[PDB]
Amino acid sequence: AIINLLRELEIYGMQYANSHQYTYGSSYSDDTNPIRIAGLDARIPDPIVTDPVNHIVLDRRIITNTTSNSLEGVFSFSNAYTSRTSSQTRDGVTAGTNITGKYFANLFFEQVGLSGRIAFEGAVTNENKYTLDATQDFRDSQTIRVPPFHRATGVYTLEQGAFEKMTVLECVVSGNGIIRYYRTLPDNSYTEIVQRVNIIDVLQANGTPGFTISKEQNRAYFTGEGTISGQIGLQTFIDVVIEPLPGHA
C-alpha cells in the first residue's frame, strides 16, 4: 500500500493530544519547509533476465542482378522501433502529491549474452500503472557482391528482449508538519498550542513501516517495492541470401 505522510502526521497529533491533555485541532504540511519526497530511486535486485528473445523482421529488401557481370550491392536500413516498459508500485509513500520519476537499469539478457539498458517511469506515490514508450533508431548497412544472374535478399532482424522484474523503490523523506492543539478554558475561552514537528519524529513515534531514521542527516530513508515489465531491442542482424535466377546456377 501507500504510506500517506499527512495521515501519519494526523495520527501523531491525535496521540500527542491525548497524551498532553489537549484537543487535536488540525495538522498540515509546513509551507516554509514542506513534508517532501526526494531522491526518487528504483533499482532491480536481480538484473539477470532469463526470458527468451523474439527475432523481429524489421525489413526485407532485394537487389537483383540480371546482368552477366558481378556488381556490388549495399543494403542501407533505418527503422525506428518502439518498445514499451510498464511499472507499478506495491509499497510506496506520498506527501499528498503524485510524483513521476524517470529510472534506468542495465539488464543482462542471459539467453543471448547481451546487456540492454532499459528506461522506465513510475510513481512511488500511488499504485497505478505507468507506461513509457521508448523509440530506438536502428540503422545498419551491409555490402554484398551479387554474382551474375543472381538476386540478393537482405533481411533486417531485431532481437527483442522482454522482462518482468521486482523493483526496490527508495527516496528521502523530510520536512516539517504543523499541528494545532487547544486547551478549552472557562467562559467559552481557550488557548491554542501550535507545534511544528519534524516528519522524522512523526515516523519514529508512529513506528511507521518502511523507514530508517537519521537524526544526524535530519531525514528518513524510505524503502518500498514495485514491479516493471517491458521489451527492448537488444541488437540487429542483416542476413543476405544470394541465389541464382531461374535458368542459372
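Residue numbers run from 1 along the displayed sequence.
Trainee: Tell me which of 13 to 21 and 228 to 236 has the higher mean C-alpha B-factor in the deposited entry.
Mentor: Higher of the two, by average CA B-factor, is 13 to 21.
Trainee: Averaging CA B factors per stretch from the PDB record, which one is higher: 214 to 222 or 35 to 43?
Mentor: 214 to 222 has the higher mean C-alpha B-factor.
Trainee: Specify which of 107, 155, 71, 171 carries the largest Cα B factor in the deposited PDB entry.
Mentor: The C-alpha B-factor peaks, among 107, 155, 71, 171, at 71.
Trainee: With respect to C-alpha B-factor, does residue 200 fall in the lowest, middle or highest third of the chain as deposited?
Mentor: It belongs to the middle third of the chain when residues are ordered by C-alpha B-factor.
Trainee: What third of its chain, lowest, middle or highest, does the C-alpha temperature factor of residue 5 fall into?
Mentor: Lowest third of the chain for residue 5's C-alpha B-factor.
Trainee: Should residue 101 be placed in the lowest, middle or highest third of its chain by the C-alpha B factor in the entry?
Mentor: CA B-factor rank for residue 101: highest third.
Trainee: Grab the CA temperature factor for residue 132 from the record and place it in the lowest, middle or highest third of its chain.
Mentor: Highest third.
Trainee: Against its chain's modelled residues, does residue 54's Cα B factor rank lowest, middle or highest third?
Mentor: Within its chain, residue 54 is a lowest-third residue by C-alpha B-factor, going by the deposited values.
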